[PDB]
J.: 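Dumping the structure here so I can ask a few things about it.
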Amino acid sequence: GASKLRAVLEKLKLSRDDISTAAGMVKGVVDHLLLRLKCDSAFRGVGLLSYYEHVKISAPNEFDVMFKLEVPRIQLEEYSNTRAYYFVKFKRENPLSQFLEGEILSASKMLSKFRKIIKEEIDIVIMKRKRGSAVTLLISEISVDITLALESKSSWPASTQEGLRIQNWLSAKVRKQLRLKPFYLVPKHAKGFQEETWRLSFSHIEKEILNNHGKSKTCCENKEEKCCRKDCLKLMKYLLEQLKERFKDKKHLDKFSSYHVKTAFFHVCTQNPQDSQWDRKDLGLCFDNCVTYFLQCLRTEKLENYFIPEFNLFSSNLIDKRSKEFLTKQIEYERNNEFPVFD
Amino acid sequence: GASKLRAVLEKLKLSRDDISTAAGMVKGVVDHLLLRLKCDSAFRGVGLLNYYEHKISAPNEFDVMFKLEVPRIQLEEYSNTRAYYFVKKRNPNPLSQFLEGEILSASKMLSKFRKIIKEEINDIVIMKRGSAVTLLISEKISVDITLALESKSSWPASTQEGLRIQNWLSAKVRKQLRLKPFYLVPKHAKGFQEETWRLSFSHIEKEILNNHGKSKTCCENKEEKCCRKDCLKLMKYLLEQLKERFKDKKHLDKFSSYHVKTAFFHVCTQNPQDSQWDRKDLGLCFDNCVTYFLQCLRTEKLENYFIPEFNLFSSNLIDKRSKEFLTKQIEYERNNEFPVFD
Ligand SMILES: COc1ccc2c(C)c(CCC(=O)N(CC(=O)O)CC(=O)O)c(=O)oc2c1
Ligand SMILES: [Zn+2]
Ligand SMILES: [Zn+2]
């Protein structure tokens, strides 16, 4: 019954076309903000990490952008064996020294000035406060979440050593090339709460793996090699967002995000490395297997971060068992009934 | 005689295994040359491009390229040659001491390049008598050093229809590769014009050869072993053994591994599927590579892989008699199970 799936994919592509003008508005504001920010000595190396992303596939007018800032000769200290959260210290003048709180970089000090500079130039289209990762701009009745990210061109942290298990899918050579790219750190407090910590971010790798996703270099570049990998992820994200909207009056689904669906999907890509396992003619079965994998993650309360295998996104310290059970029931309901939430 | 081909590949592997000491020696010398060159104001941004590459049958003979970025470069094509350019946007520019009117003199630049290298090796190596220096390290290792300008601007218009890898390595990869810099190496053209620079894509040729499959996991497991690289090795070895057997007739001095490599890349474009290169078929794959090279020689057509309007086999570059001689020798070798491999 993939035809209803194809209908959803049809209407998602229409809303993407109808938004292209809004993306141009975001580019104009973002470039303007960036020009101002590079005049400040603390944010001289600021730059864009495309130019935008859509955390919510069903909200085409809500944009997400990342501003990166390179931190040379960074030294990381893992917070409380969390594998993903770190204090930032410097090895050796330092343009970020005004942000130190002792020997660690203060995320609170950095965000405070970041928020202030953006406030000064938004001389332009309002700006909204965040609930660390920093501000939400509203543009001409279009919202743009801006995240600040430190960039490190050093070897990835040791907690990633066993992650990104793409060797049998995208190749060991590609894994080597990707792990030579930088990694990013976004301000994120760790749970009272531990402030001044930063969380690893690999959004740039996730984008690369999704847009260059086949074992074949020519996957999806011709008729004989069209796969349905991207469409399966679109439909998984749309399923979660529709369930989150339908049950927004309950607390049960608040903690689930497109990141969980995306992580599960990357694991499915690892389990199913051959392009022939993703023939676009099998979209119905491919999507069902994606849903099924996500459900197994929910039931077992195991969803390893794709880059940091010891970090369990579905730990009961993060999402209570009752919420996963609720999501499990609702997805199983949808699947048994040809996804009424897609109507 | 496919087993004879594997015997050659075996012998070549042992040769390169017994050189990694010599390769480490050139890195030492190359590292010292770069440090001093960087002390010069005109070569401040110099660095390695590759570290050292090889003549497949001469494992103690190394080739290295020193790159130097030239920001806001302006190129003027020389006499419609598609590959050769005068280098000319800004105003006297760390290289202004090398200008001659508005053009960068390759002659001047190469003269300082050699002089700095010559004074440095005297501080430790013999320089042999434009693309630039040959060093003799001890009396065993040769290192050919080429200077290249680097430009991070979009590639010249003469490359627009080149690099036709879309059906093999993908259009996505071609776009990624064409976002990389391009290089210019001092090389005289045509008498001769002495201030021209020739486009170089050595870094792309390396990328394509080492990441060579339609499958990203080509050669990464038993099921996907292909013979692309071994075919290129055997093509180069065949030309080198012929060039050495007939060195004193000089009829083959004009042919180089670059012609072989260019024909090989065209064969890859013609045969884009990894299943066409199954290591089990090495004998037939090599024969087909040889046959393609022979067809290029007979038709006097071997387009540059990056610059399609540049014919490497034009009679302006290689006379008909020389191609006919090489054709005769290769056909003889192929008919007799390649005695020159012995
Ligand atoms: C690369 O290493 C990591 C390690 C961990 C993460 C995590 C935890 C998330 C967020 C998951 C999520 O939806 N949230 C709430 C929850 O945890 O249920 C909101 C939030 O905490 O922001 C993420 O987006 O990326 C991560 C990347
Ligand atoms: Zn695909
Ligand atoms: Zn291969």
Side-chain angles (χ1 to χ4, degrees), chain B residues 53-58 61-63 65 78-85 106 110 130-134 142 144-146 148 158 162 183-191 193-194 196-202 205 231-249 251-252 254-267 289-320 322-334 338 340-341:
Chain B
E53 172 53 356
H54 301 78
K55 197 152 141 211
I56 199 183
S57 52
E61 289 170 38
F62 295 76
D63 273 50
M65 187 161 338
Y78 166 78
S79 172
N80 287 344
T81 59
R82 298 289 191 261
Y84 293 86
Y85 295 80
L110 277 184
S131 285
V133 152
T134 290
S142 282
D144 282 6
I145 303 177
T146 292
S158 63
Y183 298 82
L184 289 166
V185 298
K187 274 214 46 53
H188 53 179
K190 208 138 60 163
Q193 176 78 50
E194 262 53 62
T196 46
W197 304 70
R198 197 173 65 197
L199 286 176
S200 177
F201 296 95
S202 297
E205 305 163 5
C231 281
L232 181 58
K233 283 200 230 289
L234 295 157
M235 276 166 95
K236 292 163 121 264
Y237 192 59
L238 170 67
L239 178 67
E240 293 167 14
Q241 292 296 280
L242 284 173
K243 287 187 71 172
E244 187 86 29
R245 188 219 278 190
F246 297 105
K247 41 159 55 203
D248 273 288
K249 323 197 142 171
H251 281 178
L252 304 179
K254 283 150 160 157
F255 296 99
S256 83
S257 69
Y258 195 70
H259 301 119
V260 155
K261 201 168 64 170
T262 296
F264 170 78
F265 287 146
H266 286 303
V267 172
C289 288
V290 165
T291 281
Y292 186 78
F293 190 71
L294 284 168
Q295 185 177 73
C296 294
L297 290 159
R298 296 201 204 82
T299 62
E300 317 191 78
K301 288 190 217 293
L302 182 67
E303 298 178 356
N304 186 295
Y305 198 67
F306 301 87
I307 313 152
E309 291 156 283
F310 193 94
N311 181 7
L312 307 167
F313 277 177
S314 84
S315 50
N316 300 349
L317 296 174
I318 311 192
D319 51 286
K320 185 68 171 322
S322 297
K323 298 186 274 249
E324 279 178 345
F325 184 75
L326 182 54
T327 296
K328 176 203 221 325
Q329 294 312 323
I330 287 171
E331 294 188 317
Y332 168 87
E333 287 299 318
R334 196 252 299 276
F338 296 101
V340 84
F341 278 169

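Chain letters run A, B, ... following the sequence lines, proteins first, then strands; residues in each count from 1.
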J.: Calculate, to the nearest 0.5 Å, the distance between atoms NZ and CD belonging to B:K187 and B:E194 respectively.
T.: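 Taking NZ in B:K187 and CD in B:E194, the distance rounds to 10.0 Å.
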J.: How many angstroms lie between CG in B:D319 and CD in B:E324, if you round to the nearest 0.5 Å?
T.: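 So the gap between those two atoms works out to 9.5 Å.
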J.: When rounded to the nearest 0.5 angstrom, what is the spacing between CD in B:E240 and OG in B:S256?
T.: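 Between atom CD of B:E240 and atom OG of B:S256 there are 10.0 Å.
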J.: Looking at B:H259 and B:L312, what are the two nearest heavy atoms and their distance?
T.: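 Of all heavy-atom pairs spanning B:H259 and B:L312, the closest is CD2-CB, 3.9 Å.
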J.: Do the side chains of B:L302 and B:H266 get nearer than 4.5 Å, heavy atoms only?
T.: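 In short, these two side chains touch, coming nearer than 4.5 Å.
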J.: Kindly indicate whether the side chain of B:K261, heavy atoms from C-beta on, has any atom under 4.5 Å from the side chain of B:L232.
T.: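 Answer yes - side chains close enough.
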J.: Quick check against the 3.5 Å criterion: does B:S79 have a side-chain atom that pairs as donor or acceptor with the backbone of B:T81?
T.: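 It does not hold such a pair.
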J.: Using the benzene-type ring in the case of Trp, are the ring centres of B:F201 and B:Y305 under 6.0 Å apart?
T.: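 Ring centroids of B:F201 and B:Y305 are no less than 6.0 Å from each other.
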J.: Might you point out which heavy atoms bring B:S158 and B:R82 nearest each other, and give the distance in Å?
T.: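 B:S158 and B:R82 have their closest heavy atoms at OG-O, 2.8 Å.
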J.: Any idea how B:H251 and B:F325 line up, ring-wise: parallel (<30°), tilted (30 to 60°), or perpendicular (>60°)?
T.: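 Geometry flag for B:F325 against B:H251: perpendicular rings.
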J.: Grab the two heavy atoms, one from B:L326 and one from B:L239, that are nearest each other, plus how far apart they are.
T.: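 Closest approach of B:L326 to B:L239, heavy atoms only: CD2-CD1, 4.1 Å.
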J.: Under the side-chain contact (heavy atoms from CB on, under 4.5 Å) test, which residues partner B:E331, sequence neighbours left out?
T.: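 Per chain and number, B:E331 pairs via side-chain contact (heavy atoms from CB on, under 4.5 Å) with B:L294, B:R298, B:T327.
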J.: Hey, could you give me the NZ/CD1 distance between B:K323 and B:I330, rounded to the nearest 0.5 Å?
T.: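 Here the interatomic distance stands at 13.0 Å.
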J.: Answer yes or no: is there a side-chain heavy-atom contact under 4.5 Å between B:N80 and B:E309?
T.: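 No; the side chains remain at least 4.5 Å from each other.
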J.: For the residue pair B:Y84 and B:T196, what are the closest heavy atoms and their distance?
T.: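 It is CD2-OG1, 4.1 Å.
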J.: Answer yes or no: is there a side-chain heavy-atom contact under 4.5 Å between B:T262 and B:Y258?
T.: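 Side-chain contact under 4.5 Å: yes.
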J.: Please find the pair of heavy atoms, one from B:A132 and one from B:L110, that lie closest to each other, and give the distance.
T.: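 Closest approach of B:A132 to B:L110: CB-CD2, 3.7 Å.
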J.: Between B:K243 (side chain only) and B:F255 (backbone N and O only), is there a donor and an acceptor less than 3.5 Å apart?
T.: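 Yes; at least one donor-acceptor contact below 3.5 Å.
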J.: NZ/B:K55 to OG/B:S257 distance, rounded to the nearest 0.5 angstrom?
T.: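 Going from NZ on B:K55 over to OG on B:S257, the span is 10.5 Å.
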J.: Does the side chain of B:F341 come within less than 4.5 Å of B:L234's, by heavy atoms?
T.: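 B:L234 reaches B:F341 side chain to side chain.
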J.: Any chance you could measure B:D63, atom CG, to B:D144, atom CG, to the nearest 0.5 Å?
T.: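 Atom-to-atom, B:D63:CG and B:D144:CG are 4.5 Å apart.
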J.: What is the minimum heavy-atom distance between B:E333 and B:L242, and which atoms define it?
T.: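 Looking at all heavy atoms of both residues, the closest pair is CG-CD2, 4.3 Å.
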